[PDB]
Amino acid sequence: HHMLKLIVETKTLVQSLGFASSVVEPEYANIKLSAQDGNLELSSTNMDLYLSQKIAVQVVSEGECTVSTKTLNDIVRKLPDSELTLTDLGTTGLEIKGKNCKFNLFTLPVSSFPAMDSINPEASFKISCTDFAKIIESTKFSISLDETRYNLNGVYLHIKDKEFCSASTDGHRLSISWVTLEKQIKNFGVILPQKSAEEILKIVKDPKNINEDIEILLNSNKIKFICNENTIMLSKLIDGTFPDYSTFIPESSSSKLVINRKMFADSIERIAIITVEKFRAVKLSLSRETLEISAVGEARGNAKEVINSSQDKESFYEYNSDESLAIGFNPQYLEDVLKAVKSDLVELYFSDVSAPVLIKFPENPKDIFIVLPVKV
């Protein structure tokens, strides 16, 4: 009687199953399906993360059931119908039905599926999905992967005056990206695990969400994202203290490079080919007239590219110092930064061969990157 039955647009179900799949990364994972009040609610969870998604469907009968996430994902992606019927048939299973094809998936008791934890938040605020995607995109790549340094295995989400900021570091580089809030929020500082950051970023970037807003609710132990009303993610937070990164930002520089971003990234990538693992270094030999990007690989060879001074936007190179500077970097850390912001030009602020480079993008005043050099 109270068995779930609904008709759903296949493309929409496929999108939801994609998000439900990636958060529990598989054969043991179950997805809860709940048809109520004109919508289907799809829930996925593990020890760290809980995702609830609601999509509009034609609810023929209200009810709930749970099935294998992977099997449901694999099946729906291969049905050709533009709409599917989902019907809980009891001992027969959950029936997924198109025009000519029927799959029965065995169900597991809904009583075995946990409800989303309650949160009683200490801070609550809303920002655009465009702004939130920006700050995660600009910081997720420089998270520490060293699972021992647990306080660095995520992004540091914090308030500074009216700025909502994300910072990340792995010891070799620092990334900072922020957006101005209109409201006066209490100062907080929490560390969002890498996986949660990756998953929420894909959610806000979805075409249905990117032009809308995301509500953020948090306390010391958990954070809740409500993305465009119908998608809710609850994540644990890392118990740790993020370092005071403010002292890591260079306050002065003795030379400045302005260069076409894509030209610089492509040249670094080309020259880095010759290097060997654990010896990943490219040398930037900077002068007013030319930049030489070079590298060596033991028992492989060496490589050099020359970039000439140019005021043409597509090949732009300007280095306004009489002194030459030869400074080395891990090419991956430069490439990560150059890929993170879509900009014609990039600015690099230097001191000596041992001091970090400050990297900025001219039209992007709320993104800052610091990268340490290597000796070359």
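Numbering starts at 1 and runs along the sequence shown.
- The modelled chain breaks after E25 and resumes at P26, leaving 4 to 9 residues of the deposited sequence without coordinates.
- Comparing the deposited coordinates for 330 to 338 and 60 to 68, the stretch with the larger average C-alpha B-factor is 60 to 68.
- Judged by mean Cα B factor in the deposited record, 117 to 125 ranks above the other of 117 to 125 and 297 to 305.
- Based on the entry's C-alpha B-factors, the most elevated value among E198, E251, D81, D88 belongs to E251.
- In the deposited coordinates, the residue among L257, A281, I273, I185 with the greatest CA B-factor is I185.
- When the modelled residues of the chain are ordered by C-alpha B-factor, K32 sits in the lowest third.
- The deposited CA B-factor of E363 belongs to the highest third of values across its chain.
- Placement of the Cα temperature factor of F225 within the chain: middle third of the modelled residues, per the deposited record.
- When the modelled residues of the chain are ordered by their C-alpha B factor, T231 lands in the middle third.
- Ranked by C-alpha B-factor against the other modelled residues of its chain, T92 falls in the middle third.
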